[PDB]
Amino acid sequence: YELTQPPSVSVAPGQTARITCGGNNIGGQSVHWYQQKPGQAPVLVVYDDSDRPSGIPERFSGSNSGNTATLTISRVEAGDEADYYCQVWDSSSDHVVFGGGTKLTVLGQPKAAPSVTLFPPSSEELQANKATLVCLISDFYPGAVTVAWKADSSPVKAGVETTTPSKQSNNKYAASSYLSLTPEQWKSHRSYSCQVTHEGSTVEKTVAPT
């Protein structure tokens, strides 16, 4: 079972934020929404798809429609910046399934498209029987990107290692991804591409063996 959440949701202070959660059997399941502030433990903010726990502000509301559960945060304040997770119990696999997590960031800055630089393995690296592709993303806001590595046109997940976005000196965000492979796979492919998806816009950079 999979619970699908948008990785990032950005809303200006005082506006209304909506976080969706999709699943094949969500209509029959009880969806629970948890909030996790940076550095802390998760807190329950919605249970049984619409019920507010004691101590949770009234602006946190749960809604269910068909097979989609929506957490609505009204009159959003900057303190609500956090990672929000939807959770169910899937009885098809006897599992507690979590969503991918949505990074709710309260906008206090103009949106900035990411700048991506891709570096192929060095000659000395291939001489040392190793190879590393270095994708570097910088100068993007909000600080949430999705990194996808492709060999020619086929997605690759083995050897992918990405950092959590980090604030720069200019209040913008940066991250780094590394693809590790043997020189065999490096020289037996057309090109290797790093795709960085930020706020629904994808920026792709490709390199080829020379």
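Start at 1 and count along the sequence shown; that's the residue number.
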Comparing 168 to 176 with 29 to 37, the one whose average Cα B-factor in the PDB entry is higher: 168 to 176
Can you let me know which of the two, 177 to 185 or 51 to 59, has the higher average C-alpha B-factor in the entry? 177 to 185
Which has the highest CA B-factor per the PDB entry: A78, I73, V96, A131? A131
Comparing C-alpha B-factors across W89, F119, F140, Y85 in this entry, the winner is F119
Compare the C-alpha B factor of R18 with those of the other modelled residues in its chain, then answer lowest, middle or highest third. lowest
Third assignment of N24 from its chain's C-alpha B-factors: lowest
Split into thirds by Cα B-factor across the chain's modelled residues, where does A69 land: lowest, middle or highest? lowest
Would you check the entry's CA temperature factor for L44 and let me know if it's in the chain's lowest, middle or highest third? lowest
What third of its chain's C-alpha B-factors does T206 belong to: lowest, middle or highest? highest
